[PDB]
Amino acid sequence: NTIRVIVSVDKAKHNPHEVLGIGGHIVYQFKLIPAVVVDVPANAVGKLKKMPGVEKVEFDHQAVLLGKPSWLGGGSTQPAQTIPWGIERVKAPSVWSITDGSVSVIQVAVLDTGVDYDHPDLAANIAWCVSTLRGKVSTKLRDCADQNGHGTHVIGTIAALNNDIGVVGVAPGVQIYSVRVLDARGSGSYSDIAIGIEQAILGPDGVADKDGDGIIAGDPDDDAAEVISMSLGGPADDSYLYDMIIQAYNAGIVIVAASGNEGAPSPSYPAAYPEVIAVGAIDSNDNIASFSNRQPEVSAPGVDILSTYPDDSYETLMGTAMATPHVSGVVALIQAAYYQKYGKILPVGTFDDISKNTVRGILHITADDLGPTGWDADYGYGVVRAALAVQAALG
């Protein structure tokens, strides 16, 4: 029938009429990158490569969610609040006195199944919802709703309300943008994910850098997210997707993804990219989980993690998908605090960074170094600790 491809073009020379010429149908045109998602009869893909202004034609790959219910739970109750073990492990609670992440400029975007936006322990922190499914951007809530539970769970780990009920997130007051890039089954196309990343930048207004001041992540005038979190993976390294990642990085957004759960020598994509923080999983006894893909940047609680779940509910899940929000929360705490004290945010930084001058550099040196000294193939730099990190930030 047809297949979905993603074309990188020379925007000046590429004539879109040509794709319609070959029976192609345009799905979505990227704002931030020179690329377009198009459905073509596989008969035409060859024709596409040979067109002028077509630099590359890449295929629509797949990535998948990285968390699974620990006991095959369908979700359950917490009438009274409890603090999940990971939250303590990560030294979050001490921080709340300084900040809970409720500074206004700060948003955290989670690209995942969607969210249960009416969950009592979530709702007040849910700022914006979108779905990028099938290359259609929808802002209607019915589209936005979690049909899997993985995303609602990822989210509670980051933001869940500090209150009478349920559980509580690393950054319990931070603003959430739930960008749904995965289906009911937890499967996603690489193209929809790239669109999700773009949306996280564009923000609700649709305008990236509306002030045209060159500042986004950390500009109050702007609506951009300052932390994109992807508890998902796939094995493909595609050009266009990287490009979108660079776009986010360049906008100063901190990006975090799960290493993957295959006990692999190295992380899944996008975790594998240089500007993305790859997150490993540890357990309650501080062993690295056997499933956790190796060579992460850092690690965090990934085993038996209680969080929110749909229909106003809670559940325990496992995977590097679970580790990922913990890190994301830490960065949110860090940026929110830094921006509460000075009126800016820190640079994202690099993998080698070991200084207090970068968000990553801070994570790198405030982490609890385990196993072999220094960065290691199992723990990465170590286990992320919020309290130390913030201190480094404000120091």
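Residues carry their position along the shown sequence, with the first being 1.
The mean Cα B-factor in the deposited entry runs higher for 211 to 219 than for the other of 211 to 219 and 170 to 178. The mean Cα B-factor in the deposited entry runs higher for 93 to 101 than for the other of 93 to 101 and 148 to 156.
When the C-alpha B-factors of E198, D312, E315, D304 are read from the PDB record, the largest value belongs to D312. In the PDB entry, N43 places in the highest third of its chain by CA B-factor. Sort the modelled residues of the chain by CA B factor and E262 lands in the highest third. Split the chain's modelled residues into thirds by C-alpha temperature factor. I288 is in the highest one. Ranked within its chain, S187 lands in the middle third, by CA B factor from the PDB record.
Remark: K49 belongs to the highest third of its chain, ranked by C-alpha B-factor as recorded.
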